[PDB]
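As structure tokens, one chain now follows by itself in the form deposited in one PDB entry.
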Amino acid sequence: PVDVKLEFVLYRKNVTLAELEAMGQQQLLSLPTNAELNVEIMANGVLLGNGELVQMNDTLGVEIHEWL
């Protein structure tokens, strides 16, 4: 009975036609050192919360720092 797709978003950025061209190459986009400590968690479009990337046993996940 599964409804929703949760998305784990490391980084978002609004981007210009210029900066778009520059990435079609292989030019580096600069993330802070601290990106993995605010991974946005998005359901079908909307932002639900935010958290640090964690590893439990086999899998990866996001320990929730803030929510709804």
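In this text, rigid core is short for the largest set of C-alphas that superpose within 1.5 Å between two forms. Start at 1 with the first residue shown and count on from there.
Practice item. Using the B-factors recorded in the PDB entry, average over the C-alpha atoms of 7 to 15 and of 52 to 60, then report which stretch comes out higher. Key: For C-alpha atoms only, the mean B-factor is higher in 52 to 60.
Check your understanding: Mind checking which third residue 29 falls in for C-alpha B-factor across the chain?
Key -> It falls in the top third of the chain.
One more form of this protein exists, namely the form deposited in another entry; it is left out here, but the text below deals with it.
**Study point:** residue 31 C-alpha relocation of at least 2 Å between the shown form and the other one, rigid core basis
**Key:** The answer is yes, as the C-alpha of residue 31 shifts between the shown form and the other one by 2 Å or more after core alignment.
Review point. For residue 55, is the C-alpha shift between the shown form and the other one 2 Å or more after core superposition?
Key: Moves: yes, 2 Å or greater.
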